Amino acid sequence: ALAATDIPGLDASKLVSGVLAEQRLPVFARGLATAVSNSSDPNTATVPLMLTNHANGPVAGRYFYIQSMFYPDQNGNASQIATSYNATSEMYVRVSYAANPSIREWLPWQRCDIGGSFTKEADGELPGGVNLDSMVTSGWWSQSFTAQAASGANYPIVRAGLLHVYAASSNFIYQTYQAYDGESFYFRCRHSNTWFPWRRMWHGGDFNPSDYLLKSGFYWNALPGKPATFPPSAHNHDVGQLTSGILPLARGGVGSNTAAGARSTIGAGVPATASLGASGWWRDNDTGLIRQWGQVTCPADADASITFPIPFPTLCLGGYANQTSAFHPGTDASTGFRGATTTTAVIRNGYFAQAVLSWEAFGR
């Protein structure tokens, strides 16, 4: 009976049929990350799969499965894909390329999973009680509940809304917040670990500048509600500015616009008129009484007629005559006034010689 020790070394071509049992394969070809110790340096990888927490992996302190692909041999250029062993689901990629492929020049790991990016799904829903000062990593988050903004801290407004964080660096953490109801849009920055105040955008829902007065519209003629007239300050006047009415006696006026009315107000009379010649008259125009006078030559013991300087308008009321000469006192030298009309009267001379007699008459 033949034993294995009798069989010489064979070329792989001697296997002409069948599929090898998986245990016959090097472990990396079964997907087992067990060919090298779990602290192996991925920089010196020569098998296509290892598991290691070595520092040259993508995240210091963490184990990653590291796939390697090689050209032109397992010591040469390589591409590596790293996937996480626990805690999170992450992927990284890197490459070594060099003119002498065996003297590797590794580039830094580049992240593949979208955990390293701004994602089309929000990073998370914010629960209650969140202090936005604690949101210091880049991303965007949704607060779906106004009451959870109320129970949190450093929200710019008590409203559901969208938070963006742009963590530029440790000393410049930018945030924006868009309120769900458009209350406004806010922004702030943590600068060297101290937060600036939120800035609140002014928008068209807040106010319309057309509701406010331009400086160019601020002037007297534009001011509505102005009264037609204004209560005056103390002032004097020229009498010319008195243009209607009639001043009464109570104010030192004559209470009339006619001379007659004025005279009645102050109880005044009118001027008398006269012609005060040798033959003359005088007239009281208050009453119309007229007195007249003249002289006449009379014959001895006889009459002479006189004509009054002016006619009496209605009648002569009376008269007398007087001897103007040095009549002989041994005889009568009587006089008479009689027969008066509106225009004439008769003067009687009782003296026994031609004589000049003066006379007076009165009437109306």
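Just count from 1 along the sequence shown to find any residue number.
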*Averaging C-alpha B-factors over each stretch, which comes out higher, 54-62 or 24-32?*
54-62
*Mean C-alpha B factor from the entry: is it higher for 131-139 or for 249-257?*
249-257
*Residue selected from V239, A149, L214, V165 by maximal Cα B factor*: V239
*Residue of maximum C-alpha B factor among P271, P156, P72, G204, per deposited coordinates*: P271
_Is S233 in the lowest, middle or highest third of its chain when residues are ranked by C-alpha B-factor?_
highest
_B-factor third for the C-alpha atom of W220 within its chain_ = highest
*What third of the chain, by the recorded C-alpha B-factor, contains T314?*
highest
*Grab the CA temperature factor for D284 from the record and place it in the lowest, middle or highest third of its chain.*
highest
*For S244, return the chain-relative third of its C-alpha B-factor as stated in the PDB record: lowest, middle or highest.*
highest
